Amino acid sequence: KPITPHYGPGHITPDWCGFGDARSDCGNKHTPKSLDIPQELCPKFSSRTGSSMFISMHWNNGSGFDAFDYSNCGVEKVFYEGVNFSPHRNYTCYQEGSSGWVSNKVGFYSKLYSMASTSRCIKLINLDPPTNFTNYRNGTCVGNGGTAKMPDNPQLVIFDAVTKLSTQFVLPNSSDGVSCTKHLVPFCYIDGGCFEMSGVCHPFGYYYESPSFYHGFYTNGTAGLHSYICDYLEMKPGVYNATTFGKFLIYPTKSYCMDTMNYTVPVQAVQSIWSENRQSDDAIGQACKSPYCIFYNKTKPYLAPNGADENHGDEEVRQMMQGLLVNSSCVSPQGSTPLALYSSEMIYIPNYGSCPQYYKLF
């Protein structure tokens, strides 16, 4: 008798973990009303209310960002966070705007998901400060009247005068138990031609370099609309330099330390949005693509009649997350299944485990 796949995330072995926010945080005071997952699964998630893996990449606690030291391990992974950086946040650093930050948001989540698929542990870590330099200013945002905090990672600096400089930062091989066989490191820049400071238009740019690596940005065109853009990089542990072109420089202060597993396993991401009376985005949906990530989209609006509030407790997702209670045998875009011979609908890729074949073929 053919089994119907249960739409939502699953796991085939005890060795899975989740990553999330308030909707998976049993430390939040509204528990279990604010959950979108089963309560006995909280210990499998690494989650903090108000945070997201995107925020935590860029900011420390402060100026409205709630940061979190995300850390977990699992062959199989369930990602359910992101909404805490949506257009609703109304953030911008220069003139990139919200849509500009949806662009950054996709870039990050795209890199994280694909890197995660070849990893078991993911650990946000603090990098040691670079070799000291002097006569410098930290970068600042003009966005939101100068109240928008430019990220703590990567850290921007501005030299009082044009200068020749290269500075050393370290991406470690390990962080307290975990192996960092690779790192997810942000490289952000401001585009749109030369950058105006005190009536002088300086060429904007700098680079990450080492003997086996290079990533850079440069511009000295006619000034126009400036955008704070981020690239997200896979960098191997080791010693790197950050080099200026004269006036500007960034160094990373944080990375996502990740190890490596030989068998690659698609991650799972569930849609993280707000109620309809708040601006959401489809970054997760755009970032979580085949074949490295399995996307479970919400068909309905965010509706929580039995939750703590209109944004915490959604019926749809609660139903999806029910699948993480059963030791499944197949994890697919169509959902999870137990070990069975036939299926009620075609299983498509990316999948893994042992999946039933479509009955109508037999």
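From 1 onward, residues are counted along the sequence shown.
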On mean C-alpha B-factor from the PDB entry, just flag whether 141 to 149 or 212 to 220 is the higher one.
212 to 220
Going by the average Cα B-factor in the PDB entry, point out whether 118 to 126 or 131 to 139 comes out higher.
131 to 139
Position of residue 9 among the chain's modelled residues by C-alpha B-factor, lowest, middle or highest third:
lowest
Could you say whether, by C-alpha temperature factor, residue 36 belongs to the lowest, middle or highest third of its chain?
lowest
Just say lowest, middle or highest third for the CA B-factor of residue 333 relative to the other modelled residues in its chain.
middle
Lowest, middle or highest third: where is residue 167 by C-alpha B factor in its chain?
highest
What third of its chain's C-alpha B-factors does residue 49 belong to: lowest, middle or highest?
lowest
